[PDB]
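Since the structure comes first, as structure tokens, the remarks are kept for the end.
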There are 2 protein chains.
Amino acid sequence: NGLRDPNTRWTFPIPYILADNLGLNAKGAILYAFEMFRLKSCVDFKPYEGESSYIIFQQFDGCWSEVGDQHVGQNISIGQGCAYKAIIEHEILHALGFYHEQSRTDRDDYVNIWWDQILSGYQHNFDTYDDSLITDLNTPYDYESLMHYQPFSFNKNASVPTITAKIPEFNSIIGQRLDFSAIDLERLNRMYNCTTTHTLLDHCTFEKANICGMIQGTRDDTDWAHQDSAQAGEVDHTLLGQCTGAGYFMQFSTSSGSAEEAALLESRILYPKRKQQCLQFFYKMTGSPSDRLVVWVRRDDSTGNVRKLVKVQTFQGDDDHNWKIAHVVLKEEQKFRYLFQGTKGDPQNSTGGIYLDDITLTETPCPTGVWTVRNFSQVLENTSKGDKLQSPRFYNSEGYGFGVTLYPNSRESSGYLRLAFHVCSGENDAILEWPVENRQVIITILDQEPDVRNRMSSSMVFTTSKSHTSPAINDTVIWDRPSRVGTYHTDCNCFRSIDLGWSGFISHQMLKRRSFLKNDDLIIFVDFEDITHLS
Amino acid sequence: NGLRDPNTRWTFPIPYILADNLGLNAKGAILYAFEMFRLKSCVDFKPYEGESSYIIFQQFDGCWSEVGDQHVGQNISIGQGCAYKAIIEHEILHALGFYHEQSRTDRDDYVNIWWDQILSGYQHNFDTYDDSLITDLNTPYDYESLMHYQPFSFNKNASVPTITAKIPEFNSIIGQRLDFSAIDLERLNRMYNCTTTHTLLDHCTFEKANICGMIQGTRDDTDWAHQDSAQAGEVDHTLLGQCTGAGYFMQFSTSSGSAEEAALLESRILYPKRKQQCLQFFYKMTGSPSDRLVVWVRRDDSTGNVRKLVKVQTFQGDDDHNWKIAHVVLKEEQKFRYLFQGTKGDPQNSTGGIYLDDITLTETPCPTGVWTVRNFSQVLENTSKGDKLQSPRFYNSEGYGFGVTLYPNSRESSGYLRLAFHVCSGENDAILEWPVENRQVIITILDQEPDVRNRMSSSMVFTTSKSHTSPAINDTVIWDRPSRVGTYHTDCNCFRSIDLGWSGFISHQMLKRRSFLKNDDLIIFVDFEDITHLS
Ligand SMILES: *[C@@H]1O[C@H](CO[C@@H]2O[C@@H](C)[C@@H](O)[C@@H](O)[C@@H]2O)[C@@H](O[C@@H]2O[C@H](CO)[C@@H](O[C@@H]3O[C@H](CO)[C@@H](O)[C@H](O)[C@@H]3O)[C@H](O)[C@H]2NC(C)=O)[C@H](O)[C@H]1NC(C)=O
Ligand SMILES: *[C@@H]1O[C@H](CO[C@@H]2O[C@@H](C)[C@@H](O)[C@@H](O)[C@@H]2O)[C@@H](O[C@@H]2O[C@H](CO)[C@@H](O[C@@H]3O[C@H](CO)[C@@H](O)[C@H](O)[C@@H]3O)[C@H](O)[C@H]2NC(C)=O)[C@H](O)[C@H]1NC(C)=O
Ligand SMILES: *[C@@H]1O[C@H](CO)[C@@H](O[C@@H]2O[C@H](CO)[C@@H](O[C@@H]3O[C@H](CO)[C@@H](O)[C@H](O)[C@H]3NC(C)=O)[C@H](O)[C@H]2NC(C)=O)[C@H](O)[C@H]1NC(C)=O
Ligand SMILES: *[C@@H]1O[C@H](CO)[C@@H](O[C@@H]2O[C@H](CO)[C@@H](O[C@@H]3O[C@H](CO)[C@@H](O)[C@H](O)[C@H]3NC(C)=O)[C@H](O)[C@H]2NC(C)=O)[C@H](O)[C@H]1NC(C)=O
Ligand SMILES: *[C@@H]1O[C@H](CO)[C@@H](O[C@@H]2O[C@H](CO)[C@@H](O)[C@H](O)[C@H]2NC(C)=O)[C@H](O)[C@H]1NC(C)=O
Ligand SMILES: *[C@@H]1O[C@H](CO)[C@@H](O[C@@H]2O[C@H](CO)[C@@H](O)[C@H](O)[C@H]2NC(C)=O)[C@H](O)[C@H]1NC(C)=O
Ligand SMILES: *[C@@H]1O[C@H](CO)[C@@H](O[C@@H]2O[C@H](CO)[C@@H](O)[C@H](O)[C@H]2NC(C)=O)[C@H](O)[C@H]1NC(C)=O
Ligand SMILES: *[C@@H]1O[C@H](CO)[C@@H](O[C@@H]2O[C@H](CO)[C@@H](O)[C@H](O)[C@H]2NC(C)=O)[C@H](O)[C@H]1NC(C)=O
Ligand SMILES: O=C(CCN(Cc1ccc2c(c1)OCO2)Cc1ccc2c(c1)OCO2)NO
Ligand SMILES: O=C(CCN(Cc1ccc2c(c1)OCO2)Cc1ccc2c(c1)OCO2)NO
Ligand SMILES: *[C@@H]1O[C@H](CO)[C@@H](O)[C@H](O)[C@H]1NC(C)=O
Ligand SMILES: *[C@@H]1O[C@H](CO)[C@@H](O)[C@H](O)[C@H]1NC(C)=O
Ligand SMILES: [Ca+2]
Ligand SMILES: [Ca+2]
Ligand SMILES: [Ca+2]
Ligand SMILES: [Ca+2]
Ligand SMILES: [Zn+2]
Ligand SMILES: [Zn+2]
């Protein structure tokens, strides 16, 4: 579905203008979509400074783009209801040179188009282009493509689909709104000659014997073991015992020796392109309550020698002995290495140790809040319609308290999950501005792959506004101070606001595809950040 | 280990000269190494026609290259004993811009260098270069790299290594001479922006529900099932039951219905860049001896419409019900689709059917002769030192008969497999030239991966010669007519020549690694072809 003519190709970075007919929410959503391109490809964007060809993003009727570089500069429309990552990415893929997936030359082998069912003037979105106009880039037809329409697209009648797969199982798959597929990224790479990405700096799952170039020092008293997953209660996070002889983790045993004995595991040297990085990893702590996993940096001392130590974060064990997710903010601007120190506490009171798998390092912020809901498939059967779970309280960089409400069985949309966001009372509220407005909320359900290019995380975005009001609170703004608009909870000693978000955030059937529930548990990320400076 | 300065980079195709001080064997081995680059990368080579920078390949003392593009033209030496794929690939990687892996800036974290062991004048091969000269290309240190030296490299004393890994397990792994590693290909792609490759056209393992864009028509009688491997006593070829819920194959059952019922499985449309292609796949036929698996092409009829049928090959079931390898020559010069017809014969005498997995399509010749040795671990135990196996007799394009001899436990080299080539008598010998004067032999042990970029197949090359002579045949040429120089065999009614080959073709420990013995069986490819046209 890519345009064949090479003169229609861009030169990176693509220069852009955000028009003031976009709201703050759309400007913020566009910049968030640009970060996804940098993370997963070599595509890049710059602010406009008088270039010949450029993209101007505007609010017009509907959501549309031209296809390929129009050398005089060109519109992308992002209308009302289109300020979502997946829709921005689809329009940027039009501008990069891609038609819809149902517009492929071979599409009649894979789908039916019901021309009698398409609304007036939308039928060109269903045209098929010839092999002189469009390339396949030597890739198959992708039902999971972000460029593929959903069955009920521009239909006259809500009961009758416009597009259907010839094999009926794919009617549950076509028109995904998660992210780029693996074939969408492979096409993007083949068109623009990408190999690296601007923002994926490292990842490690420990499956090869060389453990991603990680090394073990001698200043420590002991070593980490590269451990095989071939024992009854010891399986790695990458495969969860799916695959014999094929899933590895690192282990540090704490059941023997002196207390305060330690081992260091240390990365290969890394060259950061930005000033901030997020280190994500998975771990278990089954040993003593006095064991300690400590994350460190070793950085250039300014001579070119990577030897300056800096401690970044400590982790300690509770009664939960399953796999946990960690995020560490690193702030490196010169070459450095990431380090894990496992430490024994009270070996005479330990029957276990420390475990590591699935490390990822990105040149991005870390998520502000992270929530893990355990045994989520059992919760999904034990919870009645409209019964709910609530997250622990999180604090943002500005000091505002917030949380998320999860309704596993939504009353408002049968067979869907409902995620809503609320503000929480917190220790700072007395000095913060109220109502909290112009703050973008990004909620993501994590697709648990260690390589970011494989991930299709579901994400939803809104911005806090004076227009958000409820009859339950005498028609006042939902985002006013939680002690006056919220309701008290013994679970956190909080007042929690009325909760805004999406009934129909994700389908239960979608939640059973990919890695949304990898170890029977659901991981949700939340960011809450001021975008007033984009106005 | 790559050179950082972008002015040292080549423009493709790299112009080359093969100098006439190279023998035929060396010229033929260089052209074979270029095919391996075109198969695994976007690197390309052209004959010289008056360009400014070019590579001239010559026979001088030792085997060496300059590093990066030298803009006035440069030598590669290929000396005596260096006419080997892996050695030629190593020199071409120097010209493309790579130093040895032990020359990385971080190398001291992974290896010990024993300077007092290095023979005089060779020590610069063991130098380490700074991060201003060289890039890591954001890659870990690779023990399995083609650019890494073996332990006994340029050593003064035959018992003492020059280089050792700091972790002793890798002393058995460093200095591999198979092929490019996965990291060496990743470095080459990052340096030159390769995404596609010139010669891999398709591959399919059937692991996704999309089945690599394969389609099933309705002009046939029935369909191929996409089958789950979750049935006892039946699994797929890709994973062989290693991995729960994972491994898929196509299945066509023949145990019910009418005879002559059929199913078509049909590829996506393909645009060949060359005039000849090879379709490799794996299959089983557990049904009736009257079942057929038939390979077809559907090709562009010159209107742009892919509707023209050509039958290419037929396969039928003997008493072996394990996975078999198959190769089909295709000669497509316009867009086409490759097709599998499964056909039922005698469903009242079938308890099984036809199975497909692991399809690969490349713009190459097919191998001239293919040998599968079954139960190879049990053969390797049950065969005494110097006892031998012999292949069926193959025929080349010119009509010469040939075969191979395998000595599973080599007497000459303990812990190695010895593999050798011989000329067989055959139906054409009366009109062929004798002795063989200039035919290159290529022998390959297949690393069984369906994606060619993941293979590290072991290969050896030599050219038949007037200098190959034996005391067993009164100092006459080994390659003279097999009825006058060979011994009669009841196994094929042939005369087989004296064999020539390599004691130490591969170690037993190397053979029990990667995918050389995937289903407890060994696959050997052989090619035997004239290179006199290079003189
Ligand atoms: C020894 O370690 C145990 C926990 O360690 C576990 O048992 C060992 C024998 C080994 O098998 C280890 O591999 C294994 O992980 C400690 O017991 C824990 O003590 C803490 C602190 O008192 C308890 O936390 C409390 O839990 C109560 C509710 O039960 C809360 O009300 C408190 O607020 C607090 O959170 C924890 O529950 C308890 N866990 C268990 C499994 O008993 C033990 O204290 C320690 N002893 C010494 C001498 O260090
Ligand atoms: C019916 O099919 C069998 C083989 O098919 C197998 O058995 C069926 C009942 C089903 O369970 C199938 O799923 C299963 O695959 C035929 O038997 C085979 O016949 C061939 C040809 O005669 C035999 O080959 C010969 O073998 C002898 C030595 O035994 C050699 O000397 C010959 O040169 C030749 O190679 C083969 O051994 C035999 N195999 C078996 C399993 O008995 C059978 O002929 C066929 N009958 C009909 C009605 O077509
Ligand atoms: C991704 O890499 C591709 C190569 O793998 C690039 O494709 C090449 O673009 C070259 C121009 O930049 C082409 O050279 C031109 O070829 C035409 C005939 O097609 C000649 O008339 C021109 O004179 C010639 N120009 C030059 C400067 O030599 C290559 O032919 C072409 N190669 C292939 C295989 O298509 C892509 O441009 C590049 N894409 C991006 C967007 O980076
Ligand atoms: C793969 O694509 C890369 C771009 O994504 C290429 O990297 C670019 O190489 C250019 C040279 O070919 C560089 O231009 C040079 O920049 C230096 C300063 O760094 C200037 O002094 C030079 O004058 C300038 N030369 C030219 C001809 O303009 C680009 O800066 C550089 N870009 C990046 C992002 O690194 C790779 O070369 C390319 N690799 C291959 C061989 O395919
Ligand atoms: C985006 O579309 C707008 C129209 O919605 C384009 O604006 C027009 O520009 C032409 C040529 O200058 C004028 O004749 C029209 O009067 C303009 N219309 C309006 C309503 O402004 C705009 O040029 C497009 N942007 C780009 C750069 O493609
Ligand atoms: C959309 O299509 C449905 C299905 O064809 C229509 O429902 C039918 O309505 C007619 C009367 O107009 C009834 O006689 C049928 O029994 C209905 N069928 C079903 C299955 O409900 C519906 O009227 C159409 N709506 C629109 C917008 O035209
Ligand atoms: C590459 O090899 C050729 C052939 O040996 C070199 O050409 C001559 O080499 C000899 C021995 O070094 C010199 O004495 C001659 O003066 C060389 N003649 C020339 C300049 O053509 C050639 O110098 C070698 N070097 C490269 C990289 O071209
Ligand atoms: C290579 O090194 C080996 C091992 O050091 C040498 O063998 C030793 O030879 C000395 C006499 O020179 C004996 O005293 C030792 O007992 C030998 N040791 C072993 C383990 O055999 C060998 O001589 C060296 N050869 C060369 C080429 O110098
Ligand atoms: O065709 C269009 C329309 C934009 N959009 C297409 C689309 C977007 C993401 C996809 C996808 C298809 O399949 C995979 O993920 C559908 C759409 C969404 C919300 C809307 C709306 C239209 O109208 C206002 O609110 N322009 O390109
Ligand atoms: O360093 C050199 C020397 C060439 N060669 C290096 C080498 C080649 C392939 C490799 C490898 C190392 O590690 C992975 O695979 C070793 C060599 C082989 C045969 C010879 C010989 C030298 O002398 C004559 O016969 N030039 O670059
Ligand atoms: C999940 O269920 C298991 C029992 O199957 C239980 O041991 C574990 O504590 C549960 N986890 C949570 C907190 O849901
Ligand atoms: C391999 O051994 C099996 C028995 O385990 C036997 O059935 C099969 O025929 C053998 N294959 C060959 C030809 O080596
Ligand atoms: Ca792992
Ligand atoms: Ca240590
Ligand atoms: Ca059919
Ligand atoms: Ca398979
Ligand atoms: Zn679109
Ligand atoms: Zn070398």
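Ligands are numbered from 1 in the order shown, chains are lettered A, B, ... in the order of the structure tokens, and residues start at 1 in each chain.
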
With 9 Å as the cut-off and only C-alpha atoms and all ligand atoms counted, what is the closest atom pair between each nearby residue of chain A and ligand 6? Distances in Å to one decimal, ordered by chain and number, as a Markdown table.
| residue | atom | partner | partner_atom_place_in_ligand_line | distance |
| --- | --- | --- | --- | --- |
| A:156 | CA | ligand 6 | 27 (C) | 6.7 |
| A:157 | CA | ligand 6 | 27 (C) | 4.7 |
| A:158 | CA | ligand 6 | 1 (C) | 6.7 |
| A:159 | CA | ligand 6 | 1 (C) | 5.8 |
| A:160 | CA | ligand 6 | 2 (O) | 6.4 |

Export, as a PDB file, in the first residue's frame, the selected residues with N, CA, C and O atoms.
ATOM      1  N   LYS A 156     -24.061   3.002   5.815  1.00  0.00           N
ATOM      2  CA  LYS A 156     -25.432   3.541   5.854  1.00  0.00           C
ATOM      3  C   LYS A 156     -26.269   3.009   7.023  1.00  0.00           C
ATOM      4  O   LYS A 156     -27.039   3.755   7.625  1.00  0.00           O
ATOM      5  N   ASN A 157     -26.133   1.722   7.321  1.00  0.00           N
ATOM      6  CA  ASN A 157     -26.925   0.979   8.288  1.00  0.00           C
ATOM      7  C   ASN A 157     -26.027   0.398   9.388  1.00  0.00           C
ATOM      8  O   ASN A 157     -25.108  -0.357   9.089  1.00  0.00           O
ATOM      9  N   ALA A 158     -26.286   0.707  10.655  1.00  0.00           N
ATOM     10  CA  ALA A 158     -25.439   0.305  11.779  1.00  0.00           C
ATOM     11  C   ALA A 158     -25.323  -1.219  11.981  1.00  0.00           C
ATOM     12  O   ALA A 158     -24.356  -1.687  12.576  1.00  0.00           O
ATOM     13  N   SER A 159     -26.279  -2.001  11.491  1.00  0.00           N
ATOM     14  CA  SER A 159     -26.269  -3.464  11.571  1.00  0.00           C
ATOM     15  C   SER A 159     -25.480  -4.129  10.433  1.00  0.00           C
ATOM     16  O   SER A 159     -25.032  -5.265  10.578  1.00  0.00           O
ATOM     17  N   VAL A 160     -25.260  -3.437   9.311  1.00  0.00           N
ATOM     18  CA  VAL A 160     -24.620  -3.996   8.113  1.00  0.00           C
ATOM     19  C   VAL A 160     -23.198  -3.443   7.951  1.00  0.00           C
ATOM     20  O   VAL A 160     -23.028  -2.228   7.864  1.00  0.00           O
TER      21      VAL A 160
END

Inset, instruction - Show me which residues sit within 12 Å of ligand 3 when counting only C-alpha atoms and all ligand atoms, and put them as an MDAnalysis selection string. - result: (chainID A and resid 3:13 42:43 68:69 96:97 137 188:195) or (chainID B and resid 11:13 41:44 189 192:198 273)

Inset, instruction - Could you give me, as a ChimeraX atom specification, every polymer residue with an atom at most 6 Å away from an atom of ligand 13, counting only C-alpha atoms and all ligand atoms? - result: /A:205-207,236-238,247-249,357-358

Legend entry - Residues of chain A within 8 Å of chain B, only C-alpha atoms counted, as a list in words: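 In the required form, that comes to residues 109, 110, 138, 140, 141, 142, 143, 189, 190, 193, 194, 195, 196, 201, 210, 212, 213, 215, 242, 243, 244, 268, 270 and 271 of chain A.
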
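Compared by their closest atoms to residue 419 (chain A), and using only C-alpha atoms, the residues A:113, A:473, A:312, A:500 rank with A:500 nearest.
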
Inset, instruction - May I have all residues of region 89-171 of chain A that DSSP, computed from the backbone, assigns to helix (DSSP H, G or I), given as number ranges by chain? - result: A: 89-96, 101-103, 107-109, 115-117, 123-126, 168-171

Legend entry - Shell of 8 Å around ligand 15 (only C-alpha atoms and all ligand atoms), written as a ChimeraX atom specification: /B:216-224,262-265

With N, CA and C atoms kept, could you save the residues just selected as a PDB file, in the first residue's frame?
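Printed below is out.pdb as written:
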ATOM      1  N   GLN B 216      -6.540 -19.628  -0.153  1.00  0.00           N
ATOM      2  CA  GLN B 216      -7.125 -20.867  -0.634  1.00  0.00           C
ATOM      3  C   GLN B 216      -8.272 -20.574  -1.582  1.00  0.00           C
ATOM      4  N   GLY B 217      -8.173 -21.074  -2.806  1.00  0.00           N
ATOM      5  CA  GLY B 217      -9.215 -20.912  -3.818  1.00  0.00           C
ATOM      6  C   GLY B 217     -10.449 -21.776  -3.565  1.00  0.00           C
ATOM      7  N   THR B 218     -11.377 -21.731  -4.516  1.00  0.00           N
ATOM      8  CA  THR B 218     -12.609 -22.533  -4.530  1.00  0.00           C
ATOM      9  C   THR B 218     -12.818 -23.292  -5.852  1.00  0.00           C
ATOM     10  N   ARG B 219     -11.868 -23.188  -6.801  1.00  0.00           N
ATOM     11  CA  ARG B 219     -11.801 -24.049  -8.000  1.00  0.00           C
ATOM     12  C   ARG B 219     -11.361 -25.486  -7.687  1.00  0.00           C
ATOM     13  N   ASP B 220     -10.696 -25.686  -6.552  1.00  0.00           N
ATOM     14  CA  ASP B 220     -10.409 -26.990  -5.938  1.00  0.00           C
ATOM     15  C   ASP B 220     -11.647 -27.626  -5.267  1.00  0.00           C
ATOM     16  N   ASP B 221     -11.487 -28.754  -4.573  1.00  0.00           N
ATOM     17  CA  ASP B 221     -12.583 -29.449  -3.893  1.00  0.00           C
ATOM     18  C   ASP B 221     -12.676 -29.185  -2.386  1.00  0.00           C
ATOM     19  N   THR B 222     -11.558 -28.887  -1.731  1.00  0.00           N
ATOM     20  CA  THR B 222     -11.400 -28.846  -0.262  1.00  0.00           C
ATOM     21  C   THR B 222     -10.346 -27.822   0.144  1.00  0.00           C
ATOM     22  N   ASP B 223     -10.046 -27.702   1.435  1.00  0.00           N
ATOM     23  CA  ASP B 223      -9.052 -26.781   1.995  1.00  0.00           C
ATOM     24  C   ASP B 223      -7.967 -27.493   2.810  1.00  0.00           C
ATOM     25  N   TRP B 224      -6.773 -26.918   2.818  1.00  0.00           N
ATOM     26  CA  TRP B 224      -5.703 -27.188   3.767  1.00  0.00           C
ATOM     27  C   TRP B 224      -6.068 -26.614   5.138  1.00  0.00           C
ATOM     28  N   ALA B 262      -8.907 -32.642  -4.167  1.00  0.00           N
ATOM     29  CA  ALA B 262      -7.724 -31.809  -4.051  1.00  0.00           C
ATOM     30  C   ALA B 262      -7.977 -30.491  -3.323  1.00  0.00           C
ATOM     31  N   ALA B 263      -6.908 -29.912  -2.798  1.00  0.00           N
ATOM     32  CA  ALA B 263      -6.876 -28.595  -2.198  1.00  0.00           C
ATOM     33  C   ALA B 263      -5.695 -27.801  -2.748  1.00  0.00           C
ATOM     34  N   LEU B 264      -5.897 -26.526  -3.063  1.00  0.00           N
ATOM     35  CA  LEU B 264      -4.855 -25.588  -3.469  1.00  0.00           C
ATOM     36  C   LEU B 264      -4.535 -24.613  -2.343  1.00  0.00           C
ATOM     37  N   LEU B 265      -3.264 -24.518  -1.982  1.00  0.00           N
ATOM     38  CA  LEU B 265      -2.713 -23.442  -1.181  1.00  0.00           C
ATOM     39  C   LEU B 265      -1.856 -22.572  -2.087  1.00  0.00           C
TER      40      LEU B 265
END

Inset, instruction - Give the answer as one residue: which of A:28, A:415, A:73, A:426 has the shortest atom-to-atom distance to residue 441 (chain A), using only C-alpha atoms? - result: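 Looking only at the distances to residue 441 (chain A), the closest residue turns out to be A:28.
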
Inset, instruction - Give the residues close to ligand 17, within 10 Å, counting only C-alpha atoms and all ligand atoms; write them as a PyMOL selection string. - result: chain A and resi 63-67+87-95+98-101+125-126+146-149

Take the residues from that selection and write them out as a CSV table (one decimal), in the first residue's frame, keeping N, CA and C atoms.
chain,number,residue,atom,x,y,z
A,63,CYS,N,-11.2,13.7,9.6
A,63,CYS,CA,-9.8,13.3,9.9
A,63,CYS,C,-9.2,12.7,8.7
A,64,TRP,N,-8.3,13.5,8.1
A,64,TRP,CA,-7.7,13.1,6.7
A,64,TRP,C,-6.4,13.8,6.5
A,65,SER,N,-5.7,13.2,5.5
A,65,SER,CA,-4.4,13.6,5.0
A,65,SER,C,-4.3,13.4,3.5
A,66,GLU,N,-3.5,14.2,2.8
A,66,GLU,CA,-3.0,13.8,1.5
A,66,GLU,C,-2.0,12.6,1.6
A,67,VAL,N,-1.6,12.0,0.5
A,67,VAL,CA,-0.7,10.8,0.5
A,67,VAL,C,0.7,11.2,-0.1
A,87,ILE,N,-5.1,7.2,15.5
A,87,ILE,CA,-5.7,8.0,14.4
A,87,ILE,C,-4.7,9.0,13.9
A,88,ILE,N,-3.9,9.7,14.8
A,88,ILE,CA,-2.8,10.5,14.4
A,88,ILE,C,-1.8,9.8,13.6
A,89,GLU,N,-1.4,8.6,14.1
A,89,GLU,CA,-0.5,7.7,13.4
A,89,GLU,C,-0.9,7.3,12.0
A,90,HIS,N,-2.2,6.9,11.8
A,90,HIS,CA,-2.8,6.6,10.5
A,90,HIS,C,-2.7,7.8,9.6
A,91,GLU,N,-3.0,9.0,10.0
A,91,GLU,CA,-2.9,10.2,9.1
A,91,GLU,C,-1.4,10.5,8.8
A,92,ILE,N,-0.5,10.4,9.7
A,92,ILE,CA,0.9,10.6,9.5
A,92,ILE,C,1.4,9.5,8.5
A,93,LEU,N,0.9,8.3,8.6
A,93,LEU,CA,1.2,7.2,7.6
A,93,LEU,C,0.7,7.5,6.2
A,94,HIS,N,-0.5,8.2,6.1
A,94,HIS,CA,-0.9,8.7,4.8
A,94,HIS,C,0.1,9.7,4.3
A,95,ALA,N,0.5,10.7,5.0
A,95,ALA,CA,1.5,11.7,4.6
A,95,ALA,C,2.8,11.1,4.2
A,98,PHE,N,1.4,6.1,2.5
A,98,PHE,CA,0.6,4.9,2.6
A,98,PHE,C,-0.8,5.1,2.3
A,99,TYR,N,-1.4,4.4,1.4
A,99,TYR,CA,-2.9,4.3,1.3
A,99,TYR,C,-3.5,3.3,2.3
A,100,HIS,N,-4.8,3.2,2.4
A,100,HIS,CA,-5.4,2.1,3.3
A,100,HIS,C,-5.0,0.7,2.9
A,101,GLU,N,-5.0,-0.2,3.8
A,101,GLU,CA,-4.6,-1.6,3.5
A,101,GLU,C,-5.7,-2.3,2.6
A,125,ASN,N,-12.1,6.1,-0.1
A,125,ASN,CA,-11.3,5.4,0.9
A,125,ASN,C,-11.3,3.8,0.7
A,126,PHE,N,-12.1,3.3,-0.2
A,126,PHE,CA,-12.2,1.9,-0.5
A,126,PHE,C,-11.7,1.6,-1.9
A,146,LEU,N,-2.7,-1.0,11.1
A,146,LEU,CA,-3.3,0.3,11.5
A,146,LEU,C,-4.0,1.0,10.3
A,147,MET,N,-3.6,0.7,9.1
A,147,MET,CA,-4.1,1.3,7.9
A,147,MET,C,-5.4,0.5,7.4
A,148,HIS,N,-5.9,-0.5,8.2
A,148,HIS,CA,-7.1,-1.3,7.7
A,148,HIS,C,-8.3,-0.7,8.4
A,149,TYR,N,-9.4,-0.7,7.6
A,149,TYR,CA,-10.7,-0.2,8.1
A,149,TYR,C,-11.5,-1.2,8.9

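For ligand 12, the neighbouring polymer residues at 12 Å or closer are residues 319, 320, 321, 322, 323, 372, 373, 374, 375, 376, 377, 378, 379, 380, 382, 519, 520, 521 and 522 of chain B, only C-alpha atoms and all ligand atoms being used.
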
Inset, instruction - Could the residues that lie within 8 Å of ligand 7, counting only C-alpha atoms and all ligand atoms, be listed as a PyMOL selection string? - result: chain B and resi 56+58+66+70+72-75

Inset, instruction - Residues up to 7 Å from ligand 2, counting only C-alpha atoms and all ligand atoms: could you list those as a PyMOL selection string? - result: chain B and resi 286-289+319+349-352

Could you write those residues out with N, CA and C atoms, as a PDB file, in the first residue's frame?
ATOM      1  N   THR B 286       2.153 -39.168   5.052  1.00  0.00           N
ATOM      2  CA  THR B 286       1.807 -40.300   5.915  1.00  0.00           C
ATOM      3  C   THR B 286       0.597 -41.085   5.413  1.00  0.00           C
ATOM      4  N   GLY B 287       0.035 -40.705   4.268  1.00  0.00           N
ATOM      5  CA  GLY B 287      -1.196 -41.250   3.720  1.00  0.00           C
ATOM      6  C   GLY B 287      -0.957 -42.410   2.766  1.00  0.00           C
ATOM      7  N   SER B 288      -1.715 -42.455   1.689  1.00  0.00           N
ATOM      8  CA  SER B 288      -1.619 -43.473   0.659  1.00  0.00           C
ATOM      9  C   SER B 288      -0.409 -43.250  -0.249  1.00  0.00           C
ATOM     10  N   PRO B 289       0.230 -44.306  -0.775  1.00  0.00           N
ATOM     11  CA  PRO B 289       1.215 -44.183  -1.848  1.00  0.00           C
ATOM     12  C   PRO B 289       0.703 -43.512  -3.134  1.00  0.00           C
ATOM     13  N   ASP B 319       7.687 -45.185   2.442  1.00  0.00           N
ATOM     14  CA  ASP B 319       7.488 -45.669   3.818  1.00  0.00           C
ATOM     15  C   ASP B 319       8.110 -44.791   4.921  1.00  0.00           C
ATOM     16  N   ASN B 349      -7.370 -46.638   1.904  1.00  0.00           N
ATOM     17  CA  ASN B 349      -6.033 -47.121   2.255  1.00  0.00           C
ATOM     18  C   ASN B 349      -5.130 -46.000   2.801  1.00  0.00           C
ATOM     19  N   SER B 350      -5.705 -44.990   3.454  1.00  0.00           N
ATOM     20  CA  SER B 350      -4.959 -43.908   4.092  1.00  0.00           C
ATOM     21  C   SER B 350      -5.415 -43.676   5.524  1.00  0.00           C
ATOM     22  N   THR B 351      -4.470 -43.523   6.450  1.00  0.00           N
ATOM     23  CA  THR B 351      -4.697 -43.116   7.851  1.00  0.00           C
ATOM     24  C   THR B 351      -3.993 -41.799   8.178  1.00  0.00           C
ATOM     25  N   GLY B 352      -3.646 -41.020   7.159  1.00  0.00           N
ATOM     26  CA  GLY B 352      -2.870 -39.798   7.291  1.00  0.00           C
ATOM     27  C   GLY B 352      -3.062 -38.836   6.132  1.00  0.00           C
TER      28      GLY B 352
END

Inset, instruction - Name all residues at most 6 Å from region 524-530 of chain B (count only C-alpha atoms; drop same-chain ones fewer than 4 positions away) and give them as a list in words. - result: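 Once the adjacent positions are removed, what remains is residues 367, 368, 369, 370, 371, 438, 439, 440, 441, 442, 443, 444 and 445 of chain B.
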